[PDB]
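Trainee: Below you'll find target07.json; it's JSON, N, CA and C atoms and all ligand atoms.
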[["chain", "number", "residue", "atom", "x", "y", "z"],
["A", 518, "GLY", "N", 0.81, -1.21, 0.00],
["A", 518, "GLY", "CA", 0.00, 0.00, 0.00],
["A", 518, "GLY", "C", 0.84, 1.26, 0.00],
["A", 519, "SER", "N", 1.54, 1.50, -1.10],
["A", 519, "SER", "CA", 2.39, 2.68, -1.23],
["A", 519, "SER", "C", 2.32, 3.26, -2.64],
["A", 520, "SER", "N", 1.91, 4.52, -2.73],
["A", 520, "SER", "CA", 1.79, 5.19, -4.02],
["A", 520, "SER", "C", 3.13, 5.21, -4.74],
["A", 521, "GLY", "N", 3.12, 4.77, -6.00],
["A", 521, "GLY", "CA", 4.34, 4.74, -6.78],
["A", 521, "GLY", "C", 4.25, 3.80, -7.96],
["A", 522, "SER", "N", 3.26, 4.02, -8.82],
["A", 522, "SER", "CA", 3.06, 3.17, -9.99],
["A", 522, "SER", "C", 3.83, 3.72, -11.19],
["A", 523, "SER", "N", 4.81, 2.95, -11.66],
["A", 523, "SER", "CA", 5.62, 3.36, -12.80],
["A", 523, "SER", "C", 5.26, 2.55, -14.04],
["A", 524, "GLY", "N", 5.50, 3.13, -15.21],
["A", 524, "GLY", "CA", 5.20, 2.45, -16.46],
["A", 524, "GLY", "C", 3.72, 2.12, -16.60],
["A", 525, "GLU", "N", 3.35, 1.57, -17.75],
["A", 525, "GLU", "CA", 1.96, 1.21, -18.00],
["A", 525, "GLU", "C", 1.53, 0.02, -17.14],
["A", 526, "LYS", "N", 0.29, 0.05, -16.68],
["A", 526, "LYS", "CA", -0.24, -1.03, -15.85],
["A", 526, "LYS", "C", -0.77, -2.16, -16.71],
["A", 527, "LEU", "N", 0.12, -3.05, -17.13],
["A", 527, "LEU", "CA", -0.26, -4.19, -17.96],
["A", 527, "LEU", "C", -1.00, -5.24, -17.13],
["A", 528, "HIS", "N", -0.50, -5.51, -15.94],
["A", 528, "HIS", "CA", -1.11, -6.49, -15.05],
["A", 528, "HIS", "C", -1.15, -5.97, -13.61],
["A", 529, "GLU", "N", -2.34, -5.61, -13.15],
["A", 529, "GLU", "CA", -2.52, -5.10, -11.80],
["A", 529, "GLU", "C", -3.04, -6.19, -10.87],
["A", 530, "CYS", "N", -2.68, -6.09, -9.59],
["A", 530, "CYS", "CA", -3.11, -7.07, -8.60],
["A", 530, "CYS", "C", -4.49, -6.71, -8.05],
["A", 531, "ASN", "N", -5.44, -7.63, -8.20],
["A", 531, "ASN", "CA", -6.80, -7.42, -7.72],
["A", 531, "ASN", "C", -6.94, -7.86, -6.27],
["A", 532, "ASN", "N", -5.86, -7.70, -5.50],
["A", 532, "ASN", "CA", -5.86, -8.08, -4.10],
["A", 532, "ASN", "C", -5.38, -6.93, -3.22],
["A", 533, "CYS", "N", -4.20, -6.42, -3.53],
["A", 533, "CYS", "CA", -3.62, -5.31, -2.77],
["A", 533, "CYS", "C", -3.70, -4.01, -3.56],
["A", 534, "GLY", "N", -3.30, -4.07, -4.83],
["A", 534, "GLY", "CA", -3.34, -2.89, -5.67],
["A", 534, "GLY", "C", -2.00, -2.61, -6.32],
["A", 535, "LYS", "N", -1.22, -3.66, -6.56],
["A", 535, "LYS", "CA", 0.09, -3.52, -7.19],
["A", 535, "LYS", "C", -0.02, -3.58, -8.71],
["A", 536, "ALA", "N", 1.09, -3.33, -9.39],
["A", 536, "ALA", "CA", 1.12, -3.36, -10.84],
["A", 536, "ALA", "C", 2.38, -4.04, -11.35],
["A", 537, "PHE", "N", 2.24, -4.80, -12.44],
["A", 537, "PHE", "CA", 3.37, -5.51, -13.03],
["A", 537, "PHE", "C", 3.29, -5.50, -14.55],
["A", 538, "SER", "N", 4.40, -5.19, -15.20],
["A", 538, "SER", "CA", 4.45, -5.14, -16.66],
["A", 538, "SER", "C", 4.75, -6.52, -17.23],
["A", 539, "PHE", "N", 4.45, -7.56, -16.46],
["A", 539, "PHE", "CA", 4.69, -8.93, -16.89],
["A", 539, "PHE", "C", 3.71, -9.89, -16.23],
["A", 540, "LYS", "N", 2.80, -10.45, -17.03],
["A", 540, "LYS", "CA", 1.81, -11.38, -16.52],
["A", 540, "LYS", "C", 2.42, -12.32, -15.48],
["A", 541, "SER", "N", 3.49, -13.01, -15.87],
["A", 541, "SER", "CA", 4.16, -13.94, -14.98],
["A", 541, "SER", "C", 4.51, -13.27, -13.65],
["A", 542, "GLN", "N", 5.16, -12.11, -13.73],
["A", 542, "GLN", "CA", 5.55, -11.37, -12.54],
["A", 542, "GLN", "C", 4.38, -11.23, -11.58],
["A", 543, "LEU", "N", 3.28, -10.67, -12.07],
["A", 543, "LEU", "CA", 2.08, -10.49, -11.25],
["A", 543, "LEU", "C", 1.71, -11.78, -10.53],
["A", 544, "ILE", "N", 1.71, -12.88, -11.27],
["A", 544, "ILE", "CA", 1.37, -14.18, -10.70],
["A", 544, "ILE", "C", 2.33, -14.56, -9.58],
["A", 545, "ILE", "N", 3.60, -14.22, -9.76],
["A", 545, "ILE", "CA", 4.62, -14.52, -8.76],
["A", 545, "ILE", "C", 4.39, -13.71, -7.49],
["A", 546, "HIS", "N", 3.83, -12.51, -7.65],
["A", 546, "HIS", "CA", 3.56, -11.64, -6.51],
["A", 546, "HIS", "C", 2.30, -12.07, -5.77],
["A", 547, "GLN", "N", 1.22, -12.29, -6.53],
["A", 547, "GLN", "CA", -0.05, -12.71, -5.95],
["A", 547, "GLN", "C", 0.15, -13.89, -5.00],
["A", 548, "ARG", "N", 1.29, -14.57, -5.14],
["A", 548, "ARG", "CA", 1.60, -15.72, -4.29],
["A", 548, "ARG", "C", 1.57, -15.33, -2.82],
["A", 549, "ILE", "N", 1.89, -14.07, -2.53],
["A", 549, "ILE", "CA", 1.90, -13.58, -1.16],
["A", 549, "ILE", "C", 0.49, -13.57, -0.57],
["A", 550, "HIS", "N", -0.51, -13.39, -1.43],
["A", 550, "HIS", "CA", -1.90, -13.37, -1.00],
["A", 550, "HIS", "C", -2.45, -14.78, -0.85],
["A", 551, "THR", "N", -1.98, -15.69, -1.71],
["A", 551, "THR", "CA", -2.42, -17.07, -1.67],
["A", 551, "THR", "C", -1.41, -17.96, -0.95],
["A", 552, "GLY", "N", -1.77, -19.22, -0.75],
["A", 552, "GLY", "CA", -0.89, -20.15, -0.08],
["A", 552, "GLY", "C", 0.02, -20.89, -1.04],
["A", 553, "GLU", "N", 1.32, -20.62, -0.95],
["A", 553, "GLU", "CA", 2.29, -21.26, -1.83],
["A", 553, "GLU", "C", 2.64, -22.66, -1.33],
["A", 554, "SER", "N", 3.49, -23.36, -2.07],
["A", 554, "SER", "CA", 3.90, -24.71, -1.70],
["A", 554, "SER", "C", 5.35, -24.97, -2.11],
["A", 555, "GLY", "N", 6.22, -25.10, -1.12],
["A", 555, "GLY", "CA", 7.62, -25.35, -1.39],
["A", 555, "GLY", "C", 8.36, -25.91, -0.19],
["A", 556, "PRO", "N", 9.69, -25.75, -0.18],
["A", 556, "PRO", "CA", 10.54, -26.23, 0.91],
["A", 556, "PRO", "C", 10.34, -25.44, 2.19],
["A", 557, "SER", "N", 10.78, -26.01, 3.31],
["A", 557, "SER", "CA", 10.65, -25.35, 4.61],
["A", 557, "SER", "C", 11.80, -24.37, 4.84],
["A", 558, "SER", "N", 11.45, -23.14, 5.22],
["A", 558, "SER", "CA", 12.45, -22.11, 5.47],
["A", 558, "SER", "C", 11.86, -20.99, 6.32],
["A", 559, "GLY", "N", 12.68, -20.43, 7.21],
["A", 559, "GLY", "CA", 12.23, -19.36, 8.07],
["A", 559, "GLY", "C", 11.18, -19.81, 9.06],
["B", 601, "ZN", "ZN", -1.02, -8.06, -4.49]]
Will you turn the file into structure tokens for me?
Ligand SMILES: [Zn+2]
Mentor:
Amino acid sequence: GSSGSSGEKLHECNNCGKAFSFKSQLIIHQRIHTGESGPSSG
């Protein structure tokens, strides 16, 4: 939640309100909102 959108908004996050100029990128970010699945860490 911080104002600072650069470049064209090709893919925006319909959860927090972020923007990504790469479909894949956006998907990688949305992971924070959803439950991921990987190795144990932290
Ligand atoms: Zn988001």
Trainee: Can you list, as a PyMOL selection string, every protein, DNA or RNA residue that comes within 8 Å of segment 536-549 of chain A when you count only N, CA and C atoms, leaving out same-chain residues fewer than 5 positions away?
Mentor: chain A and resi 521-531
Trainee: Output the selection as a PDB file, in the coordinates of the input - N, CA and C atoms for each residue.
Mentor:
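For reference, out.pdb as written:
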ATOM      1  N   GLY A 521       3.120   4.770  -6.000  1.00  0.00           N
ATOM      2  CA  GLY A 521       4.340   4.740  -6.780  1.00  0.00           C
ATOM      3  C   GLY A 521       4.250   3.800  -7.960  1.00  0.00           C
ATOM      4  N   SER A 522       3.260   4.020  -8.820  1.00  0.00           N
ATOM      5  CA  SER A 522       3.060   3.170  -9.990  1.00  0.00           C
ATOM      6  C   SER A 522       3.830   3.720 -11.190  1.00  0.00           C
ATOM      7  N   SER A 523       4.810   2.950 -11.660  1.00  0.00           N
ATOM      8  CA  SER A 523       5.620   3.360 -12.800  1.00  0.00           C
ATOM      9  C   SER A 523       5.260   2.550 -14.040  1.00  0.00           C
ATOM     10  N   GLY A 524       5.500   3.130 -15.210  1.00  0.00           N
ATOM     11  CA  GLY A 524       5.200   2.450 -16.460  1.00  0.00           C
ATOM     12  C   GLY A 524       3.720   2.120 -16.600  1.00  0.00           C
ATOM     13  N   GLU A 525       3.350   1.570 -17.750  1.00  0.00           N
ATOM     14  CA  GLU A 525       1.960   1.210 -18.000  1.00  0.00           C
ATOM     15  C   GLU A 525       1.530   0.020 -17.140  1.00  0.00           C
ATOM     16  N   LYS A 526       0.290   0.050 -16.680  1.00  0.00           N
ATOM     17  CA  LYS A 526      -0.240  -1.030 -15.850  1.00  0.00           C
ATOM     18  C   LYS A 526      -0.770  -2.160 -16.710  1.00  0.00           C
ATOM     19  N   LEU A 527       0.120  -3.050 -17.130  1.00  0.00           N
ATOM     20  CA  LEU A 527      -0.260  -4.190 -17.960  1.00  0.00           C
ATOM     21  C   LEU A 527      -1.000  -5.240 -17.130  1.00  0.00           C
ATOM     22  N   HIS A 528      -0.500  -5.510 -15.940  1.00  0.00           N
ATOM     23  CA  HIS A 528      -1.110  -6.490 -15.050  1.00  0.00           C
ATOM     24  C   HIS A 528      -1.150  -5.970 -13.610  1.00  0.00           C
ATOM     25  N   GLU A 529      -2.340  -5.610 -13.150  1.00  0.00           N
ATOM     26  CA  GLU A 529      -2.520  -5.100 -11.800  1.00  0.00           C
ATOM     27  C   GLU A 529      -3.040  -6.190 -10.870  1.00  0.00           C
ATOM     28  N   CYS A 530      -2.680  -6.090  -9.590  1.00  0.00           N
ATOM     29  CA  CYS A 530      -3.110  -7.070  -8.600  1.00  0.00           C
ATOM     30  C   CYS A 530      -4.490  -6.710  -8.050  1.00  0.00           C
ATOM     31  N   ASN A 531      -5.440  -7.630  -8.200  1.00  0.00           N
ATOM     32  CA  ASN A 531      -6.800  -7.420  -7.720  1.00  0.00           C
ATOM     33  C   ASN A 531      -6.940  -7.860  -6.270  1.00  0.00           C
TER      34      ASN A 531
END
Trainee: What is the distance, in Å and to one decimal place, between atom CA of residue 532 of chain A and atom N of residue 559 of chain A?
Mentor: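 Spanning atom CA of residue 532 of chain A to atom N of residue 559 of chain A is a straight-line distance of 25.0 Å.
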Trainee: Taking only C-alpha atoms and all ligand atoms into account, name the residue in A:535, A:552, A:519, A:557 that is nearest to ligand ZN 601 (chain B).
Mentor: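 Closest to ligand ZN 601 (chain B), using only C-alpha atoms and all ligand atoms: A:535.
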Trainee: For atom CA of residue 551 of chain A and atom CA of residue 534 of chain A, determine how far apart the two atoms are, in Å to one decimal place.
Mentor: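 About the pair atom CA of residue 551 of chain A and atom CA of residue 534 of chain A: they are 14.8 Å apart.
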Trainee: Please compute the atom CA of residue 558 of chain A-atom N of residue 520 of chain A distance, one decimal, in Å.
Mentor: 29.8 Å
Trainee: Please, which residues of chain A, numbered as in this document, come out helix (DSSP H, G or I) from DSSP, as a ChimeraX atom specification?
Mentor: /A:540-547
